[PDB]
Amino acid sequence: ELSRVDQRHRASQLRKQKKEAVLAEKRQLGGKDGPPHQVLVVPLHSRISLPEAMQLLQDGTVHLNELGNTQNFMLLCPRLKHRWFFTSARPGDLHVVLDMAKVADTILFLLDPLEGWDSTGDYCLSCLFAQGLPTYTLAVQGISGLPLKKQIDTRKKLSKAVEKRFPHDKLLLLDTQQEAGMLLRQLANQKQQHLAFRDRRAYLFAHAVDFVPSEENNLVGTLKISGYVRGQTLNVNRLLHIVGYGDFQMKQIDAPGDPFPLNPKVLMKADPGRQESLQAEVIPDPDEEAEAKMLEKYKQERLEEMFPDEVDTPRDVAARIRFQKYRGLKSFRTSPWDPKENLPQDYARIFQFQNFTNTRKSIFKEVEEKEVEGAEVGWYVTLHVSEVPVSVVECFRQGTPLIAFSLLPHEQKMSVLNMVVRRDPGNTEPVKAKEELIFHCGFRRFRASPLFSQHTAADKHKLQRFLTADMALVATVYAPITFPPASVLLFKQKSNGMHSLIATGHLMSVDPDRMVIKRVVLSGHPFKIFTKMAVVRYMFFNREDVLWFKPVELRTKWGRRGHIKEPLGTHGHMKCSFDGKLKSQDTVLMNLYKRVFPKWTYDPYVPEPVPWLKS
RNA sequence: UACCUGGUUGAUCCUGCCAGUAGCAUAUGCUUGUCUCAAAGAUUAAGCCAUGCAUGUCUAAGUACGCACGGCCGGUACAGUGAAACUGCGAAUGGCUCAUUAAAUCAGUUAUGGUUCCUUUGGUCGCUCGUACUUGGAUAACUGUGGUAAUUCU
RNA sequence: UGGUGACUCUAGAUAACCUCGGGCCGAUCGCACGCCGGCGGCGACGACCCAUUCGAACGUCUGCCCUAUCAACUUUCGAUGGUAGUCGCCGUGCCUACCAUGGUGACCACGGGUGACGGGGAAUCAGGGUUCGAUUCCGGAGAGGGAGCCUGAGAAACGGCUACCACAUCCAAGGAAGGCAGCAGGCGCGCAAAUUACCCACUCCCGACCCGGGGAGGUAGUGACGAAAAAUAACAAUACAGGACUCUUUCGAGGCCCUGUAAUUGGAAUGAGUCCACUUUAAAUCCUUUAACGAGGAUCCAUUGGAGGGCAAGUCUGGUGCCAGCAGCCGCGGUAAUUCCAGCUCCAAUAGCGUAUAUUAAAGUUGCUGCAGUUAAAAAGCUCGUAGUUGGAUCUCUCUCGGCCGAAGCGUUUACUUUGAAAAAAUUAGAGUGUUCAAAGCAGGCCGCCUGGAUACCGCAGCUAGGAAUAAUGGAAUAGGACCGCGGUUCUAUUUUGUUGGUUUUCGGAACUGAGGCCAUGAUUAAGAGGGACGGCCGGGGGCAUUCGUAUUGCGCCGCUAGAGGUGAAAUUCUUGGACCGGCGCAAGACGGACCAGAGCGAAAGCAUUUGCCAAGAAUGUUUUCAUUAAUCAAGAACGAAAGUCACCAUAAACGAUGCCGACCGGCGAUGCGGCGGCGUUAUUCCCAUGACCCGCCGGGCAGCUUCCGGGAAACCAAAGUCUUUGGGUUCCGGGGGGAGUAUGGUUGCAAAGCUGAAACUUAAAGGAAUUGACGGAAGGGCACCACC
RNA sequence: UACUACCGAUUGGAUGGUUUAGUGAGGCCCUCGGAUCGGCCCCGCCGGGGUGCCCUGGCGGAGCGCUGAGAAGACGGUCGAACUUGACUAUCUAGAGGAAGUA
């Protein structure tokens, strides 16, 4: 500004701008216009009495809501001028913890002073990291019931204990109501974390759920649920999705009075049929037995670790018959494969994009930057939905949370979703490439069977039969389309619903065009050896199948590549030219490849799990 | 400990910089057993501030009619200890920060014979030629009636 | 009366005044009790004034970073000063009234910037320096921004008040309250920084006070900012186809001494820990002291960076194949990678070690010490010329008193030098002292004593006293000079007349004027510094006038006849409307060949026919004159090739690619000018006198040759020397290559242009001398019937 | 295929700094003002004392009596934050268009 007064003036203008921005970010929450501050509470150990946490945290004015088992409630205090909403959950109840941690804004962990955290606490913590965290806070309990010499150092011991998991996070004390007030002041004034999945999409909670039946004998009626809008500006036309119970249309919004505002019934919008979202997922015109199975799985993965894709030679059936749909590639990287070569009936039921990042950035700029005049954020709205069963209301009366989010355009349809995942080092049990896994893919809950393929950059990808202990594998399956970014979780049912955390990753670009190709490798021992040429037995046992396998390539384990010349024996006895020299201990191998596709096994039901234990 | 070394050419000698070298300060990375001392929201934002605390004070010796407690011994003005309140003093020191400020601030040197100064210390305090063996009206604390959604309001 | 260096001071004397918003001159309280109804002893609280203490406030002198792309500012509306006031605690344009027109500035005013609070201090350091100082001591300022106040000894106070501006809280909507740049704490901001802990026990502060209070302060917590100490093993016995030592020719022999990459054997010693107790402390913790436990792969496990060079340490092994990557720089990597990715081994520092950025040394690459400018970056076109800077020799202590010394003067005035006193502590240097050593601390040491708690440094400016070389400055040249006595004019000290009254002089002191005596009466020399005269010369120096010469162009005439021109070649152009040619005559603008020189002159551009006029000038000669007048030069000015423009323009390989002035340092022969001598030739018939030659000498000049003077990177240079053995005076100017002499601003010019003049960004070289080769359609030589004749 | 930065109209809007002109919160000073509160008088009802009179003693009443104290408020002056309109200047932001280089 080239003057000492104008430089100070310019710096004060910039400080005024930046302060306006920061105050506009910190105005959205817990005040006179914003939604309540939602604090999920989890004790990470068994010894931690959560009633002792709630009876300390209660004082403000307690507006005690209640469910069938939990004591979740709204705490209100205009001394701090802040309106909270305290919710509680049990460590291991996955269908509650991971399903309302995705709507809460603060997670309050509790930790005993002696042990860091329980094994079940480590389990739910390892789920919650991969699920996506809001701003969390740590607290202890047993420093007050401890001699004062030990309170000097138990703080230090737990600080070095949790540094593996939370590397820079102070601990607090929750023992007195002054300490609880200091904790609430910590929660109220703290810089937030913005989960972009929750930030770019509109989502809600339900505080007052009412069910009215259209037909009681149909067991499908109308829910009158009530909650504060926490995402974007709500629209009645977009699709609604209760998270564990599929998606269906929503018909009517109205704005009643707030139950408990910080300072002490009209209809807004309806939906004509042209404005409403279409309900078309697909194109309309298209004891010792299981123990022996897991031992066979053990011997299979121990077979598939020193051998890539070895299989026994089919002697009863000709090799051109059992491998009718294969081919031998010169190179997986260079020799291509046509996408319009093999197409099943499932591809005539899925939708596709002319360009994916174009429609992604346009729906980003059309929902984020643009202002629609629907139901605004922070409003205590009451939701009239079109059709909904009664079992959701029964599980509401039990104590399960009910959240819902507004779908975007091109988010109810069908495509082939992609996600790069990795293996959890907690459960080391292997898993085949075609089994069924529980999906937690961007607020959703279903089950399907993907294809576990490798993580490379080429269009062609080699299928893997199992999972790797360190390397990042990719799954590929038909699923309802949901735009990136979204954290994904894949579980398996160990026993009675005790879900096994095995696959923790994120979602990659959904496209049905990334091709996965399954190889098959056959074996045979060479037993007549000459210079740069040999004759192998046990490779095949017919003769014309080799004439069907003329242009395929051959290789040995020691890099000796080659191809056949002429099968001189009526069995698999070939003249085999090679670019190098063959050894008697070596074994020649070919690779025959085919492109695979997953199967249609999406079911929206997930079993309500038993709480997980350390067996 | 008054010090140089690599790099222009086919090879040479130069000019000349670039890079290396050592300390010192702020940050940051990885690592960390013992013990002594020890800096620490200056740099950007002399930006904004929940809550608590940071300044009060009585001796034999200004004013005690609070039974607040005891207590003479009981006509016995006031035994005593004493909250409150009036009075007096302190709150202009300390603590923090470095925005402003360029003969300004500040440093050394001089001066007030050109000023003011609570306190301390010493001097002075029948030096004046003109009801007193004691003067007058109030007001707090206290008692009692209240107002205001709300204040260390009244 | 008393004092000061100095009063319009202090004290005294007189005449009054003495503010109702009044000045002091005691209507106050405790303790011990009393002596002969009176007279009382200690205190406490007061109180005008004076002094003191703690200050404060206004002044004095010297001192500060960058900027001229800030050169004039200040003065209307106080700027500088005078007079009288007003206001103030007082001095003052502090304010008012009336006057004066001042005050500051290239010795940098005014304006702007500062990632500026100032010092004490800090880091680095041969010496000199450079950078930092928000930060615990001192001084200032400010409590969101400005402003105004009350109370008070003291505040323009903010943990006081009143507004406005900006924010912001409670509300029943009427109103009410606010100020963390105190301690914590939060948000924000960011690369960047700790506990909403305990206590008045220590140090001190405040209060009516031995008693109360203190986020001042102390104590813990977090704390790899940083500084000090210091573990991660020691030893013995075995064994080594170790090593060295004594004998053996050698083998090989030794309690001879050391070593190990021996998970060889062995018990010995300990802290880290765990943990009673004491001690510590306000209470605790920590440390120190002690129980008991606590080590063999003593797994009670040391890390961070490297291994081509710089630079200590592997062209070992596998993977990779100009990819991935490494590499501050040079570089490594393209299928054998000493450099990537790993293993193994090795190196350095070690409870620490990498990286980024600021900064210092290295940097004699900012140069005062101490650099550079021919060719590497660079010296102005030339002369004049203000400030600034620098400047030749020369000159060997006394007067009245107070006790033979001091008080009274200094001696022209400074700089310089040495001394003294005055200069906060801390920090730094440094003395003493076994914190168990050390960084520290200021304590400690003997058997109540004994002893510390030093000292130095503290630039510059200002005080004091000695010195008197160096360097400035003064004093007598119209004598208004000194030292003397004598004289005259005016005023005056107060001693003088037993006292008083008055006159009067003297004495003594000033201020002014006349004559006389006296002094060796008084001017340093005349620079191988500089001006200026004079003398005879000299020159393409300049201006004006004048004179000649050929050539060219055009014209007049005559003769001749078809070509004339230009190139490697034509091309272009004029001719029987007789071109070109040859001869004769006329005019016009010019221009001055050869003679013309490694000659001359001029400040530089530059200057050539004869003659005359005008005004200059160098050198030489001088026993002339003045007597430091000088050198270099910002600012400022005069002339300035050639191109360009309506007189301007002021620019060049403007080139010796080379500031100016001064001294010293080798030879040799020519030349130009002037002067001095000398055999002998010529000319003026002799004779001198001169001219032309010849042999020298002297002085400046233009040049050249030469050289182990000494330089220099060398080419080269008698200056480009007298340079690490570095200082004669002074000007301009350079700081790796580009961007770029570009953009913008200012300024001059009609304009072209002139002067001034960056940054972003890019880059590891660009560049100079010299040496070996390579080349040709450059020029010279030698040679071969696998060349020619 | 995209960036970069300029002009940039909008005299966008907003904010800051110098000044012209106009306005002027609040305190302080001055000239007034006088809501209220006292005292001294003048009587009435009247004791004691001295002697119908005076001093005390209690009231009560009124008098524009005559004085003391005195708040709100207002004229003026001063200091003076701030406000408005200009002019100049600076910055932050919304902004069409484009160009060149950047690769």
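Residues numbered from 1 in each chain as written, not as in the entry; some residues may be left out. Chains lettered and ligands numbered in written order. Part of a larger assembly, values for the part shown. Heavy atoms only, no water. Residues with missing side-chain atoms left out of burial classes, pairs and counts.

The deposited coordinates, according to the entry record, derive from cryo-EM at 3.0 Å resolution.

A.B. asks: Sorry, what's going on with the protein's contact with RNA strand C here?
C.D. replies: Lining the immediate environment of RNA strand C, one finds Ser3, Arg4, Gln7, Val22, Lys26, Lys81, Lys149, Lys170, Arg185, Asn189 and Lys191. Counting only the atoms of RNA strand C within 4 Å of the protein, the fraction contributed by sugar and phosphate is 92%. Between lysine 26 and RNA strand C, the recorded distance is 2.9 Å, taken from a side-chain N or O atom to a sugar or linking oxygen. Between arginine 185 and RNA strand C, the recorded distance is 2.7 Å, taken from a side-chain N or O atom to a sugar or linking oxygen. At three residues, the largest contribution of residues to the surface near RNA strand C is made by helix α1 (residues 4-25). A class-by-class count of the residues in the surface near RNA strand C yields one nonpolar, three polar and seven charged. (Near = heavy atom within 4 Å. Polar contact = N/O pair within 3.5 Å; in protein donor to acceptor, adjacent residues only side chain to side chain. Helix = DSSP H or I, 4+ residues; strand = E, 2+ residues; numbered from the N terminus. Nonpolar A, V, L, I, M, F, W, Y, C, P; charged D, E, K, R; others polar.)

A.B. asks: Help me out: how do you make sense of the nonpolar core in this one?
C.D. replies: The tendency in soluble globular proteins is for nonpolar side chains to be buried as a group. Judged by nonpolar contacts, the single largest core of 76 residues is most densely connected at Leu44, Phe109, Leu111, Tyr123, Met419, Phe439 and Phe491. Contact partners of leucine 44, with chain neighbours within four places excluded, come to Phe109, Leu110, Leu111, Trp117, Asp118, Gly121, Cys124 and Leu125. The next biggest cluster of nonpolar side chains, apart from the first, holds 25 residues, and it includes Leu234, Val236, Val393 and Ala404. (Core = buried A, V, L, I, M, F, W, Y, C linked by side-chain atoms within 4.5 Å. Buried < 20%, exposed > 50% of the residue type's maximum accessible area, 1.4 Å probe, protein only. Contact = heavy atoms within 4.5 Å.)

A.B. asks: Can you walk me through a positive patch on the surface in this structure?
C.D. replies: On the surface, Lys149, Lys150, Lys156, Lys157, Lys160 and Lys164 cluster together into a patch of positive charge. With respect to the element layout, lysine 150 can be found in the loop between β6 (135-137) and α5 (154-162). Looking at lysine 150, the relative accessible area reads 51%, which means it is exposed. (Patch = residues over 30% accessible without salt bridge, like charges linked within 9 Å, V, L, I, M, F, W, Y side chains within 5 Å. Areas by Shrake-Rupley, 256 points an atom, 1.4 Å probe, with all protein chains shown as cover. Salt bridge = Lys/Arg side-chain N within 4 Å of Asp/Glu carboxyl O. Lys, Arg positive; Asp, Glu negative; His and termini not counted. Charge placed at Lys NZ, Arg CZ, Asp CG, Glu CD.)

A.B. asks: Would you mind showing me how to read helix α6 (residues 177-188) here?
C.D. replies: In an α-helix, one full turn covers 3.6 residues, which means residues spaced three or four apart are oriented alike. If you check α6, its first and last C-alpha atoms are 16 Å apart, about what 12 residues at 1.5 Å a residue would give, namely 16 Å. Residues of α6 that are buried: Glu179, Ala180, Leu183, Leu184, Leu187 and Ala188. The inward-facing, buried residues of α6 contact β1 (37-43), α2 (50-57), β3 (74-77), β4 (82-88), β5 (106-110) and β6. (Expected span 1.5 Å × (residues − 1).)

A.B. asks: Hey, could you run me through the sheet that holds β1 in this one?
C.D. replies: If you trace the six strands from one edge of the open sheet to the other, you get β2-β3-β4-β1-β5-β6, paired in mixed fashion. One side of each edge strand has no neighbouring strand; the edge strands of this open sheet are β2 (61-63) and β6. In this sheet, neighbouring strand axes are inclined to one another by 25° on average, regardless of whether the strands run parallel or antiparallel. Strand direction decides the pairing type here: β5 and β6, joined by three bridges, are parallel. Counted as the bridge partner of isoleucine 107 is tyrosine 136 from β6. Set on the sheet, α6 makes contact with β1, β3, β4, β5 and β6; between it and β4 the angle comes to about 105°. (Pairing = 2+ DSSP bridges. Axes fitted to C-alpha atoms, helices over the stretch in contact; angles between N-to-C directions.)

A.B. asks: Sorry if this is basic, but what is going on with the protein's contact with RNA strand D here?
C.D. replies: What surrounds RNA strand D is the set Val5, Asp6, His9, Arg10, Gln13, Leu14 and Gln17. Among atoms of RNA strand D positioned within 4 Å of the protein, sugar and phosphate together represent 91%. One of the side-chain N or O atoms of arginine 10 is found 3.4 Å from a phosphate oxygen in RNA strand D. Measuring from a sugar or linking oxygen of RNA strand D, one finds a side-chain N or O atom of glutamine 13 at 2.7 Å. The residue makeup of the surface near RNA strand D, split by class, is two nonpolar, three polar and two charged.

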